[PDB]
Amino acid sequence: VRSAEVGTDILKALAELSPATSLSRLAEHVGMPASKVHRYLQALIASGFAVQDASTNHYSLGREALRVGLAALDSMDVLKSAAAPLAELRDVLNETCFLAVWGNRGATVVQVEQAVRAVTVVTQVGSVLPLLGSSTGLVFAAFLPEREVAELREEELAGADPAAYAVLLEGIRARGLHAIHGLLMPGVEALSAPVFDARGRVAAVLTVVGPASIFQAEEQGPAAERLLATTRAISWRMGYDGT
Amino acid sequence: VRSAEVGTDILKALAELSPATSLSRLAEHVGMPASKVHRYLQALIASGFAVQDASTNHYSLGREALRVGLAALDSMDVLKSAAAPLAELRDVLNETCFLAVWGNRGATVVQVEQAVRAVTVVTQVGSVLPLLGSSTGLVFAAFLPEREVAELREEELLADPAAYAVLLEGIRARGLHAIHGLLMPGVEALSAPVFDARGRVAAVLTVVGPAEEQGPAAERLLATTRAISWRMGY
């Protein structure tokens, strides 16, 4: 019955309580009487899901807590978690949305939800976008280390203003997304936001696209919030705490 | 208090059977009726320790499980201490890097940072590598009290003892071991210890691919592992 909830509701608040916690701080977190917490604590210590330190008496997560968690982290897959919200974001905007991840050649489109209109522009799965010429490529540059972008970026500048470049990447973070007006192809406007994993690493970039007529790619227009709501959702479902 | 633990029991099956499982396969594993399992599954879903996949009777671990994984790692001063430096080192090294703590069953890998690269070589976060068959374990053998690992060493049975002794003196003198092929024909290995506040080995940092005790990669690994000690150890 009810006892399964309270058990892991306690485990969830133990994790939330840093590395070590006392009983009163624990019961105050999950909002239950101290006595019931102490009772279920005992079970969680038996099951290995919690431990009590020998010299300080503080409660912390057990090795069972660690092993389940590492199974979870081994199971993260932005391609799984994103597939439904991508299609939902497409259906509310009726604009083509796509997911890209970072591959040996940069932004690589791996999944696409097209807009159904008489005629529509699209990326296609398997397309590699430019690092500095697309909105997908700029979010990547904004959020990945300098070291894993620089080489392909240097291959790109054989085909200026570094200062302006550095101020723009600081902008894309301050703002959390990026809009482009035809930069990759004039007359097509894109919008891009990043998706993070549990550990905060850039998992993917999610991106809305469409010609200037129907789609206004403004960094603060109702598409932008839908975009962010979608990407913050995909993130939080992968464990990301939002900071 | 009794059925508090069947809740977590189903959690542990969900982990063993991850990424996903049919409810029926999950029930056979725990040896309980499928209806009883199905109901406990909803308790954890409300808690967020489990979700239900696109097949509306197929389950997988929930977002809270990641939270508990990461807190557990924070709680042993490995997470926020090694999170960055492990990914810096992958960046410069051009090869997959990973971190392993000493767990109940041996060296258990707690974070894997893989290179961006046509073909890499990975190990699963949360998997266990052998004490004597892996550079990650051999290092643990070199720097851990003989007491703590004598069980698995005896369990795996370099047999002759004096051969053991030579290799583990050498690994301490050098400060790392690099394997070639003891996991599998074609490993690169190269592992180095990480020391906690009191000087014990709290983790091992292992880069992998298809392997030198002496060249360029060894210094940046030793540089990153010798550094990482002070914000965890001192």
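General observations
- Test: residue B:88 is assigned by CATH to the domain that holds residue B:226 and either of a type outside the set (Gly, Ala, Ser) or farther than 30 Å from residue B:216 by Cβ (or both): yes
- Flag for residue A:66 being of a type outside the set (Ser, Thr, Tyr), farther than 30 Å from residue B:127 by Cβ and buried (at least 21 other Cβ atoms within 10 Å of the Cβ): no
- Residue under evaluation residue B:153, criteria (1) in contact with an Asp or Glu (Cβ under 9 Å, 6 or more places away or on another chain); (2) assigned to a loop (DSSP other than H, G, I, E, B); (3) surrounded by fewer than 18 Cβ atoms within 10 Å (Cβ to Cβ), criterion not met: (2)
- Residue count for region A:79-100 satisfying the condition of being over 21 Å from residue A:188 (Cα atoms) and of a type outside the set (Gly, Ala, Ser): 4.
- Here residue B:76 does not qualify as more than 21 Å from residue A:13 (Cβ to Cβ) and either assigned to a loop (DSSP other than H, G, I, E, B) or in contact with a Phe, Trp or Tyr (Cβ under 8 Å, 6 or more places away or on another chain) (or both).
- Scanning region A:131-141 for residues that are out of contact with any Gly (no Cβ under 8 Å at 6 or more places or on another chain) and part of a helix (DSSP H, G or I) returns A:135, A:136, A:138, A:139, A:141.
- Residue count, region A:79-117 (criterion: farther than 29 Å from residue B:124 by Cβ and assigned to a helix (DSSP H, G or I)): 7
- Within region A:218-243, restricting attention to residues that are within 14 Å of chain B (Cβ to nearest Cβ) and not in a helix (DSSP H, G or I), the residue that is surrounded by the fewest Cβ atoms within 10 Å (Cβ to Cβ) is A:243.
- Conditions (1) facing chain A (nearest Cβ under 9 Å); (2) at positive phi; number of the one not met by residue B:106: (1)
- Some residue of region B:119-130 being more than 14 Å from chain A (Cβ to nearest Cβ) and in a loop (DSSP other than H, G, I, E, B): yes
- Meets criteria (within 10 Å of another protein chain (Cβ to nearest Cβ), surrounded by 24 or more Cβ atoms within 10 Å (Cβ to Cβ) and either in contact with a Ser or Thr (Cβ under 7 Å, 6 or more places away or on another chain) or aromatic (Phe, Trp, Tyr) (or both)) for residue A:71: yes
- Qualifying residue in region A:32-42 (condition: among the small types (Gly, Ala, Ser) and under 20 Å from residue B:44 (Cα atoms)): no
Every residue, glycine among them, receives a Cβ derived from its backbone with ideal geometry; neighbour counts consider all protein chains shown. What is reported rests on the model, the rules as stated and the sources as named; none is laboratory data.
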